[PDB]
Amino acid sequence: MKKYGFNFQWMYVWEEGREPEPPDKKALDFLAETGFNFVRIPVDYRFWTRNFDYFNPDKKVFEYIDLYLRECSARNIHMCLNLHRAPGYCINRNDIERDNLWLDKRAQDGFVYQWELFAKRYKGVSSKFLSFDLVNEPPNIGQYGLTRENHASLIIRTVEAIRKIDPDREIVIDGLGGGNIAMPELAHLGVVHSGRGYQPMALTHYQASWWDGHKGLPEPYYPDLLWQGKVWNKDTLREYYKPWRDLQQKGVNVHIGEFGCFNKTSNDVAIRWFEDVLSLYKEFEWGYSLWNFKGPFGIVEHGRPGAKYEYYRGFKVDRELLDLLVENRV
């Protein structure tokens, strides 16, 4: 059974005094009632770590993760725990970190220790219900000193550390270059390779303040969107996914950990793009997880101009988008 669901930001970004959110049981009920069976939980290690003191985690905070797992499992939903901001790295505001995970031994030791903590805490929980997504969207080769070699070495070290404690724990790794680049060098590790559905960024992240490349972009149109001297359409998406498909043909399990469109793009344009990526996922037999359930990248009153919402099982949803998400499952 393929994994279809949503990412939830309950413990996504830490701020002084901010407590992680309780699981959104009503949202989880919606997922269960509409056939979704997957939830990705990207977390900020600062929720349990003070001033980079990696080896002194506040384990009391893990009770929230226990709760998320319990509520997901009760509704037959698989939970994928991800370190979004990990010791020494976050794709967003990496400058806030003291260390650099890709080169610093102290950060790597802290990172491995975090994963060993979770491996020990959840040893015995079936992979049917729980998987570990090591680190969200690693940077581009040449950024922060990352190379395919040192990234692979760190992933292998972490995977071996987790497996020494719990050999049955399913592990997921994100593609390089912000989840865009396939990793044939890690194909034999027996882990899920997780890609993304945000291309073309000119469409999905149009007017997204956190994305530097949004500067000077024209109002998105689709298909055949001209961006960076390249025309984007379904054929271009196939080219983009080819390296991932080549790996899947070799026996590697692939999944789309995050995908979606921001809420500044015209809805007709967004829907047209969704039809292409989702039809490709169906053809490839890939599972997928939308970035938001509620929010700009979600199905509940996202806000795109032209969109219409209707009450359905507890929420005001974009029925057209919800239908597309359901129709492309295999």
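The numbering used is simple: start at 1 and walk along the sequence shown.
Higher mean CA temperature factor between 85-93 and 240-248: 240-248, per the PDB entry. The PDB entry reports B-factors from which the mean C-alpha value can be compared for 299-307 and 42-50; the larger average falls on 299-307. Remark: of 220, 124, 177, 197, 220 shows the highest value [criterion: C-alpha B-factor in the PDB entry].
Residue set 138, 142, 190, 260: peak C-alpha B-factor at 190 (per PDB entry). Residue 203: CA B factor in the highest third of modelled residues in this chain (values from the PDB entry). In the PDB entry, a CA B factor belonging to the middle third of its chain's modelled residues is recorded for residue 71. Among all modelled residues in this chain, the alpha-carbon of residue 284 has a temperature factor (C-alpha) in the highest third.
Split the chain's modelled residues into thirds by C-alpha temperature factor. Residue 163 is in the middle one. Compared with the other modelled residues of the chain, the Cα B-factor recorded for residue 113 ranks in the middle third.
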